[PDB]
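The sequence lines fix the lettering, A, B, ..., with proteins before strands; numbering per chain opens at 1. Computation of the quantities below employed the complete heavy-atom set of this structure, encompassing side-chain atoms and omitting hydrogens, waters and symmetry-equivalent molecules.
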Amino acid sequence: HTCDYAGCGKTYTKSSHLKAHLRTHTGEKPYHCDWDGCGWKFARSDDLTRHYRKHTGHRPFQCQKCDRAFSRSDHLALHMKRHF
DNA sequence: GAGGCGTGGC
DNA sequence: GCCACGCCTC
Ligand SMILES: [Zn+2]
Ligand SMILES: [Zn+2]
Ligand SMILES: [Zn+2]
C-alpha cells in the first residue's frame, strides 16, 4: 500500500486507509450533511459525525466525577486526568 | 474545543 | 468500509 500520486510517498497499512488519503489529492468528499440547509461535505465519515455535534450540540461523553460532558472521548480523557 | 489525521477490530 | 480510539497541533 503506497500513495502513487505526483510526489506523495505516504504508505498506509490497510487499503481503506490509502483510499481515504487520496481524497486529499482529489478533494472528493463522499460524506454529505443531511441537515436541512447545510450542504456541507467531508472527506471522512468521522469528520461528518463531528459536524453533526454542531447542529445537535450533542455531548455523550460525560465525566462520572463531574456534571460536565464532552463531544469526543479524547476531550473527556484529558479532563479526567485533571481529577487524578 | 476544534480540526486533521494515523490506526485497528469488526 | 464503518467507526471508534486517540495522538498531534493550533
Ligand atoms: Zn498522497
Ligand atoms: Zn451540517
Ligand atoms: Zn469531571
Side-chain angles (χ1 to χ4, degrees):
Chain A
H1 296 107
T2 178
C3 175
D4 308 315
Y5 202 62
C8 176
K10 290 193 170 190
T11 63
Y12 295 88
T13 65
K14 296 166 62 174
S15 180
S16 173
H17 293 2
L18 179 54
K19 188 174 185 184
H21 164 64
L22 306 187
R23 303 199 174 98
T24 67
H25 301 284
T26 67
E28 189 91 30
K29 297 180 175 179
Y31 307 93
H32 310 345
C33 180
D34 299 318
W35 206 262
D36 290 334
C38 183
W40 271 86
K41 312 168 190 291
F42 300 90
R44 292 177 45 155
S45 71
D46 66 82
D47 293 351
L48 178 67
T49 302
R50 298 164 152 190
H51 178 72
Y52 278 121
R53 309 303 187 191
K54 301 179 179 179
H55 296 292
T56 65
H58 191 200
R59 294 179 166 177
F61 307 96
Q62 177 151 3
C63 173
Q64 305 298 299
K65 296 175 185 174
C66 289
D67 299 273
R68 296 195 64 181
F70 301 87
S71 48
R72 292 155 47 171
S73 78
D74 61 341
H75 287 172
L76 176 60
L78 299 181
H79 172 79
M80 271 292 187
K81 290 175 182 172
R82 191 139 295 178
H83 299 329
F84 284 114

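- Residues A/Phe70 and A/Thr24 both approach DNA chain B. Their nearest nucleotides, taken by heavy-atom distance, put A/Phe70 toward the 5′ side.
- If you take NZ of A/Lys10 and P of B/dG4, they are 14 Å apart, rounded to a whole angstrom.
- Expressed to the nearest 0.5 Å, how far CZ of A/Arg50 lies from OG of A/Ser71 amounts to 8.5 Å.
- As a whole-Å value, the separation of A/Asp46 CG from C/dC7 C1' is 13 Å.
- Using cut-offs of 30° and 60° on the angle between ring planes, the pair A/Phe70 and A/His75 is perpendicular.
- Under the 30°/60° scheme for interplanar angles, the aromatic rings of A/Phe42 and A/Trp40 are found to lie parallel.
- Interface remark: the A/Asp74 side chain does not form any donor-acceptor pair with the C/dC5 base, using a distance-only criterion of under 3.5 Å.
- Using a 4.0 Å cut-off, some side-chain N or O of A/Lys54 falls inside it from OP1 or OP2 of B/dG3.
- For the pair A/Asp47 CG and C/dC3 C1', the interatomic distance rounds to 12 Å; values are reported in whole Å.
- Here B/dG8 is the nucleotide among B/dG1, B/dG4, B/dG8 with the atom lying nearest to any side-chain atom of A/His17.
- Between the CZ atom of A/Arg50 and the P atom of C/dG6 there is a distance of 14 Å, given to the nearest Å.
- Atom CG of A/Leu22 and atom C1' of C/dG1 are 14 Å apart (whole Å).
- To the nearest angstrom, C1' of B/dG4 lies 9 Å from CZ of A/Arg72.
- When the side-chain nitrogen and oxygen atoms of A/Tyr12 are compared with OP1 and OP2 of B/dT7, none of them lie within a distance under 4.0 Å.
- The shortest distance between the side-chain N/O atoms of A/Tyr31 and the OP1/OP2 oxygens of C/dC2 is below 4.0 Å.
- Nearest nucleotide to the A/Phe61 side chain, out of C/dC5, C/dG1, B/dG3: C/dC5.
- Taking the six-membered ring wherever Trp is involved, the centroid distance between the rings of A/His21 and A/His17 does not fall below 6.0 Å.
- Looking at A/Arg44, its side chain comes within 3.5 Å of the base of B/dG6 through a donor and an acceptor atom.
- The environment of A/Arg53 atom CZ is dense: over 12 non-hydrogen atoms of other residues, nucleotides or ligands sit within 6.0 angstrom.
- Between the NZ atom of A/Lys14 and the P atom of C/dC5 there is a distance of 16 Å, given to the nearest Å.
- Rounded to an integer number of Å, the gap from A/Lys29 NZ to C/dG1 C1' is 20 Å.
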